[PDB]
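Visitor: I'd like to ask you about the structure that follows.
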Amino acid sequence: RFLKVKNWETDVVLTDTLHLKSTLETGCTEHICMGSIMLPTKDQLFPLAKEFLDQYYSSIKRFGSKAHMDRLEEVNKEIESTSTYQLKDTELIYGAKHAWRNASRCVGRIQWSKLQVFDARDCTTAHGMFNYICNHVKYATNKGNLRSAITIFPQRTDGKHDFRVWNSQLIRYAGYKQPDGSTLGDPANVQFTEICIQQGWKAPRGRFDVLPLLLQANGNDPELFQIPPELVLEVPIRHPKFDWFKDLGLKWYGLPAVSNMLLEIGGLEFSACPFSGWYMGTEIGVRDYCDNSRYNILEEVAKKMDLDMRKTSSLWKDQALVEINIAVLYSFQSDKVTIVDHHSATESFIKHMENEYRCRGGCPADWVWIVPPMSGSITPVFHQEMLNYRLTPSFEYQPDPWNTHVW
Amino acid sequence: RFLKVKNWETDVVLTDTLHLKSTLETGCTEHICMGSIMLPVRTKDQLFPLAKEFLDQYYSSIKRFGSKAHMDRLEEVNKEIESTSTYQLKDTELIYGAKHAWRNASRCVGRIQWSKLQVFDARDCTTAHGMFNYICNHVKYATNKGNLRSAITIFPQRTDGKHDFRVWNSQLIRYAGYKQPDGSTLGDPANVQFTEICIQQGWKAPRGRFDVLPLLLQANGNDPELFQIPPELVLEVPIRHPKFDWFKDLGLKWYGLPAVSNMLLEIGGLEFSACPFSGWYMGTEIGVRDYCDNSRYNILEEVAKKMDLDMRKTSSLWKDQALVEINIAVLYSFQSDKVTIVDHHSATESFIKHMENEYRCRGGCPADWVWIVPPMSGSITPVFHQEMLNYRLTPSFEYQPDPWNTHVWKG
Ligand code: HEM
Ligand code: HEM
Ligand SMILES: N=C(NCCC[C@H](N)C(=O)N(O)[C@H]1CN[C@H](C(N)=O)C1)N[N+](=O)[O-]
Ligand SMILES: N=C(NCCC[C@H](N)C(=O)N(O)[C@H]1CN[C@H](C(N)=O)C1)N[N+](=O)[O-]
Ligand SMILES: C[C@H](O)[C@H](O)[C@H]1CNc2nc(N)[nH]c(=O)c2N1
Ligand SMILES: C[C@H](O)[C@H](O)[C@H]1CNc2nc(N)[nH]c(=O)c2N1
Ligand SMILES: [Zn+2]
């Protein structure tokens with residue numbers, strides 16, 4: 001009932017009760033753990049709304065107040081009629097902040113309460129959506145001094161009027177398959193890079209071509225838009241020692257902005273809710289650059305370093321990986337674009353966990369995602385036991401629109 | 001109920017049916033995952049059924065399920081159990097059982113070698129001196145002058161729980177740890193408590209940074225006894241770097257034989273409380289954990305300085321840079337001295353092949369992602385991108401409480 005989690009490097013022991021309020025499933029059973037698997041009605045709605053409102057009023061110290069009871073009845077009535085409801089502004093903001101607060105896979109949640117929320121619920125067209133996104137991108141980039149934000153479009157109604165941003169992130173590089181059979185640019189987007197062309201986008205066919213937004217409003221077919229370039233902050237990648245590094249032709253965008261997730265608050269579903277914070281170095285340096293199925297640039301860099309790539313045991317992949325990541329961090333800093341190294345980010349997460357345990361009674365966390373993709377055990381989270389469970393409001397995965405859209 | 005796991009780097013999908021045979025608990029529920037938690041006297045009543053499942057698996061493995069030999073064995077064990085409340089395993093069953101405990105070890109990345117285990121049957125052992133003799137032979141056999149061979153030695157099973165055989169050491173070979181009055185620690189911090197017990201038991205500690213600990217052996221539930229492993233039997237490797245000549249000056253070395261000796265081996269319901277086993281090291285165990293854990297030898301800084309890395313701010317990745325070099329050193333030193341060792345790229349690639357093979361030939365392979373993925377360069381090793389299913393099968397290796405916490409001293 002009252003689970004404890006221990007940190008094996010510092011012996012700190014925290015007790016977890018927050019998990020008792022958990023409501024969603026985890027994919028695991030008492031017979032099998034699926035901790036490493038990537039993707040594990042009016043009657044339905046009111047209970048959800050109630051749990052939320054109750055947690056909402058409890059958060060503002062007005063639990064079981066008239067205001068509390070009143071709104072509960074008000075929403076209660078609204079659902080009974082409209083078979084749905086609308087969140088006050090205060091509720092939309094509390095919900096969004098808490099969905100981030102409950103993202104068990106996010107290592108940067110110590111920043112959760114500073115989220116800037118942009119209410120785009122009055123939006124109606126792909127052009128409108130495009131307007132809101134440009135504003136989000138500009139506000140968040142803030143000339144390199146990034147500020148976390150999320151833009152919330154209209155919630156779901158009948159599922160036949162869903163707003164969706166087809167991109168997986170507001171900003172990503174295109175990927176094209178060549179005659180060579182090889183892939184030019186980012187392989188993970190190869191497909192999307194095609195559905196944009198299956199729409200008319202004139203691809204420059206380069207290594208780092210910023211994709212076009214493909215926005216879908218109220219259910220209609222998506223429309224293409226090109227983000228103003230001066231709004232897309234980019235960082236050329238160089239090394240604080242290897243002058244040859246620049247010759248590699250590497251660069252990345254400064255604003256990470258997940259756009260394909262679904263935000264759930266009080267039972268309400270927001271299918272278009274792009275959000276952004278700022279990068280942890282490793283996301284680019286380790287995953288985007290060195291994943292074999294991504295830009296897969298380990299060999300090249302190893303070559304330039306003239307390393308003995310004859311035997312895995314020389315750890316050339318490892319050496320190169322380190323340099324590369326020193327280069328991503330170095331560049332961003334040099335250009336004054338916000339970025340955090342894995343050591344600093346993981347240290348924050350530990351402090352955040354301690355804060356969350358003593359102020360909220362716990363912190364859902366997914367060890368598999370929290371531990372950085374490099375130097376695992378030299379970061380504190382590696383030695384930190386974590387309990388994973390699902391709390392709401394939350395951010396969830398959802399089918400790619402192009403596998404559900406009735407054109 | 002079939003379950004699939006996908007590898008996101010190769011899109012290869014596998015189906016798991018083996019998990020259906022799982023009976024033990026994981027520690028998780030439909031509402032919470034405890035996948036990252038370190039540690040999530042049977043009666044006649046519960047014993048025979050456990051014996052049967054095991055004998056059923058054993059006889060199926062040899063293609064004699066339902067034979068007369070199979071039926072008579074069940075009968076023989078059953079009778080023996082009602083007759084003595086317990087039962088003895090045949091040699092073949094023991095070998096089979098030990099191999100499967102290894103094969104079922106979800107946290108082990110080296111399982112591609114499971115079928116080659118050398119099993120030493122020490123069930124006829126009665127005293128600590130006898131235990132010492134078996135262990136010495138295990139260490140010499142397994143070490144094989146640097147060409148390591150996996151092996152396990154199995155002492156008498158538990159009976160009433162008051163006559164347990166136990167090896168008090170956590171590994172047959174480990175370095176002493178000494179807490180100094182100024183609060184600093186000399187040697188391996190991980191073994192401070194055990195080292196104190198040894199000194200208290202009479203060990204004359206040399207108080208250096210790498211003193212091989214004595215064996216503290218308990219036979220038949222009696223008070224444990226100290227023994228020194230013949231030095232000529234303990235293979236060690238001086239650590240040096242293939243480019244940094246000053247590395248050798250750090251005075252680092254490690255033993256070549258990793259031999260866990262505090263786990264409990266369960267087979268057909270029987271419990272073997274003393275079952276030391278050994279294989280060979282994967283570089284990162286020493287390079288990343290033993291040397292760089294803040295709570296172990298903690299050498300990142302000293303190595304960092306020597307390299308003249310910018311240690312002013314973490315974003316210089318000086319820790320990460322030093323880490324790779326130290327791990328290069330460990331691998332280099334072992335290969336030069338021709339002492340078996342495997343890097344994480346190589347070891348993890350083997351595990352993926354082993355895993356695929358297991359799904360196809362056995363219907364699954366329980367695996368703990370949290371432990372399989374190496375402590376450095378996680379995502380550049382294939383296991384990071386590999387989905388895994390963790391569940392408990394027997395025979396198995398289990399944790400058991402430290403004996404100094406449960407032992408009734410006799411004096
Ligand atoms: C401001 C600093 C932030 C940092 C440094 C940070 C860092 C990270 C990292 C390292 C991951 C894993 C990325 C991956 O491997 O794909 C992640 C995941 C995630 N973060 Fe954060 N984050 C931040 C802000 C945000 C914000 C503003 C939100 C939402 C409001 C958020 C929501 C999430 C979610 C839901 C995931 C998991 C997404 C998935 O399952 O793919 N993060 N974050
Ligand atoms: C052939 C060489 C082998 C390699 C390279 C290998 C490698 C490893 C590694 C890297 C771990 C994790 C250790 C840690 O982080 O503390 C591990 C765990 C484990 N291995 Fe193996 N292993 C091998 C042989 C064996 C053998 C012979 C057995 C038993 C017959 C075995 C049983 C286990 C068990 C039970 C665990 C988990 C122990 C625990 O939870 O503390 N391994 N192995
Ligand atoms: N720092 C942040 N990182 C999140 C987005 C960038 C990440 N590297 C990525 O490509 N992803 O998170 C995406 C690719 N794989 C993920 C999945 N579920 O399959 C989503 N966020 N943020 O600050 O708002
Ligand atoms: N290559 C092998 N490695 C296993 C033993 C060495 C390991 N580095 C270690 O110190 N440990 O596994 C011990 C310290 N931490 C573990 C724990 N549960 O707390 C036990 N095995 N083998 O070849 O048989
Ligand atoms: C199969 C495995 O779950 C998968 O590779 C996970 C592991 N941990 C991760 N952790 C983070 N932060 N991001 C990821 O994409 C992943 N991928
Ligand atoms: C808290 C966390 O479960 C713990 O530190 C685990 C993580 N993964 C590990 N993996 C291996 N191989 N060995 C370990 O000791 C650990 N420690
Ligand atoms: Zn689980």
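In the structure tokens, the first chain shown is A, the next is B, and so on; residue numbers restart at 1 for each chain, and ligands run from 1 in the order shown.
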Could you tell me which residues of chain A sit within 7 Å of chain B when counting only C-alpha atoms, and give me the result as number ranges by chain?
Guide: A: 9, 22, 24-37, 291, 293, 312-315, 318-319, 322, 326, 329, 341, 343, 367-368, 373-378, 385-389
Visitor: At a cut-off of 10 Å, using only C-alpha atoms, what residues contact region 349-366 of chain A? Leave out same-chain residues fewer than 2 positions from it and give the result as a VMD selection string.
Guide: (chain A and resid 2 to 5 7 12 to 20 22 35 to 36 101 to 112 344 to 347 368 to 371 380 to 381 384 to 391) or (chain B and resid 32 to 36)
Visitor: From the options A:69, A:165, A:115, A:321, which residue's atoms come nearest to ligand 1, counting only C-alpha atoms and all ligand atoms?
Guide: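 Comparing A:69, A:165, A:115, A:321 against ligand 1, the winner is A:115.
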Visitor: Given a cut-off of 8 Å, what residues near ligand 4 show up using only C-alpha atoms and all ligand atoms, put as a PyMOL selection string?
Guide: chain B and resi 38+108+110+150+170-171+257-260+277-282+285-286+289-290+399
Visitor: Those same residues, written as a short mmCIF file (atom, residue, chain, number, x, y, z; two decimals), in the first residue's frame with N, CA and C atoms?
Guide:
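The resulting selection.cif:
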```cif
data_model
loop_
_atom_site.label_atom_id
_atom_site.label_comp_id
_atom_site.auth_asym_id
_atom_site.auth_seq_id
_atom_site.Cartn_x
_atom_site.Cartn_y
_atom_site.Cartn_z
N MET B 38 15.22 -2.62 -7.09
CA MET B 38 16.33 -3.55 -6.93
C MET B 38 15.92 -4.95 -6.41
N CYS B 108 20.59 -11.51 -16.67
CA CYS B 108 21.90 -11.86 -17.22
C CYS B 108 22.01 -11.70 -18.74
N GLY B 110 24.73 -12.44 -20.41
CA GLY B 110 25.62 -13.46 -20.95
C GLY B 110 25.01 -14.84 -21.15
N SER B 150 32.90 -21.11 -17.65
CA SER B 150 31.78 -20.96 -16.72
C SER B 150 31.65 -22.21 -15.86
N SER B 170 30.09 -12.23 -0.88
CA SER B 170 29.10 -11.98 -1.93
C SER B 170 29.65 -12.49 -3.28
N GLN B 171 30.98 -12.51 -3.40
CA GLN B 171 31.68 -13.07 -4.56
C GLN B 171 32.87 -13.82 -3.96
N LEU B 257 38.16 -13.28 -12.28
CA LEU B 257 37.00 -14.14 -12.11
C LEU B 257 35.81 -13.61 -11.29
N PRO B 258 34.73 -13.23 -11.97
CA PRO B 258 33.57 -12.73 -11.23
C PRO B 258 32.83 -13.99 -10.75
N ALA B 259 32.63 -14.14 -9.45
CA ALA B 259 31.93 -15.33 -8.97
C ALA B 259 30.91 -15.10 -7.85
N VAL B 260 29.69 -14.73 -8.22
CA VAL B 260 28.61 -14.51 -7.26
C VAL B 260 28.47 -15.75 -6.37
N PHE B 277 28.80 -19.44 -8.49
CA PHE B 277 28.95 -19.65 -9.92
C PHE B 277 29.83 -18.56 -10.50
N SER B 278 30.38 -18.81 -11.68
CA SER B 278 31.25 -17.83 -12.31
C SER B 278 31.27 -18.02 -13.82
N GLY B 279 31.54 -16.93 -14.54
CA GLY B 279 31.64 -16.96 -15.98
C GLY B 279 32.85 -16.10 -16.30
N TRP B 280 32.62 -14.91 -16.86
CA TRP B 280 33.70 -13.98 -17.14
C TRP B 280 33.10 -12.57 -17.27
N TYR B 281 33.94 -11.55 -17.09
CA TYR B 281 33.49 -10.16 -17.12
C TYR B 281 33.17 -9.53 -18.46
N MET B 282 32.24 -8.59 -18.39
CA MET B 282 31.89 -7.74 -19.51
C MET B 282 32.61 -6.49 -18.98
N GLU B 285 31.40 -3.76 -16.23
CA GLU B 285 31.15 -4.10 -14.84
C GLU B 285 32.26 -3.49 -13.95
N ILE B 286 33.50 -3.60 -14.44
CA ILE B 286 34.66 -3.09 -13.75
C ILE B 286 34.88 -1.62 -14.10
N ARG B 289 31.00 0.50 -13.33
CA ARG B 289 30.52 0.34 -11.96
C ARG B 289 31.58 0.23 -10.85
N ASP B 290 32.44 -0.78 -10.88
CA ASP B 290 33.42 -0.93 -9.80
C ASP B 290 34.37 0.28 -9.68
N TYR B 399 17.64 -13.96 -4.62
CA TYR B 399 18.40 -13.25 -3.62
C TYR B 399 18.03 -13.92 -2.32
#
```
Visitor: Restricting the calculation to only C-alpha atoms and all ligand atoms, which member of B:398, B:13, B:2, B:364 is positioned closest to ligand 5?
Guide: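 Looking only at the distances to ligand 5, the closest residue turns out to be B:13.
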Visitor: For a quick check of understanding, using only C-alpha atoms and all ligand atoms, which of A:334, A:155, A:59, A:282 has the smallest distance to ligand 3?
Guide: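 Among the listed residues, the smallest separation from ligand 3 belongs to A:282.
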Visitor: Using only C-alpha atoms, can you tell me which of B:268, B:146, B:363, B:287 comes closest to residue 340 (chain B)?
Guide: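 Ranked by minimum distance to residue 340 (chain B), first place goes to B:146.
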Visitor: List as a PyMOL selection string the protein and nucleic acid residues near region 204-213 of chain A, meaning an atom at most 6 Å away when only C-alpha atoms are counted, but skip any in the same chain fewer than 6 places from it.
Guide: chain A and resi 172-174+184-185+224-226
Visitor: For the strand (DSSP E) assignment from backbone DSSP, which residues of region 31-222 of chain B qualify? Please present them as a PyMOL selection string.
Guide: chain B and resi 118-121+151-154+166-167+177-179+185-187+215-218
Visitor: Could those selected residues go to a file with C-alpha atoms, as a PDB file, in the first residue's frame?
Guide:
```
ATOM      1  CA  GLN B 118      30.295 -26.852 -15.926  1.00  0.00           C
ATOM      2  CA  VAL B 119      28.430 -28.184 -12.887  1.00  0.00           C
ATOM      3  CA  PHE B 120      30.372 -29.300  -9.835  1.00  0.00           C
ATOM      4  CA  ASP B 121      28.321 -31.430  -7.478  1.00  0.00           C
ATOM      5  CA  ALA B 151      31.064 -23.145 -13.706  1.00  0.00           C
ATOM      6  CA  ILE B 152      28.977 -23.528 -10.588  1.00  0.00           C
ATOM      7  CA  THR B 153      29.573 -25.573  -7.433  1.00  0.00           C
ATOM      8  CA  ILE B 154      26.483 -26.853  -5.581  1.00  0.00           C
ATOM      9  CA  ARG B 166      26.369 -20.637   3.014  1.00  0.00           C
ATOM     10  CA  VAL B 167      29.252 -18.708   1.558  1.00  0.00           C
ATOM     11  CA  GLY B 177      36.992  -2.159   2.230  1.00  0.00           C
ATOM     12  CA  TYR B 178      38.149  -0.231   5.305  1.00  0.00           C
ATOM     13  CA  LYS B 179      36.398   2.711   6.924  1.00  0.00           C
ATOM     14  CA  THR B 185      37.364   4.610   2.945  1.00  0.00           C
ATOM     15  CA  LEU B 186      40.380   2.523   2.010  1.00  0.00           C
ATOM     16  CA  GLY B 187      39.771  -0.121  -0.664  1.00  0.00           C
ATOM     17  CA  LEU B 215      36.550 -16.832   2.355  1.00  0.00           C
ATOM     18  CA  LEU B 216      34.095 -17.016   5.238  1.00  0.00           C
ATOM     19  CA  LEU B 217      32.457 -20.436   4.938  1.00  0.00           C
ATOM     20  CA  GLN B 218      29.482 -21.937   6.785  1.00  0.00           C
TER      21      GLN B 218
END
```
Visitor: Pick the closest to ligand 6 from A:216, A:10, A:193, A:296: which is it, counting only C-alpha atoms and all ligand atoms?
Guide: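 The closest residue to ligand 6 is A:10.
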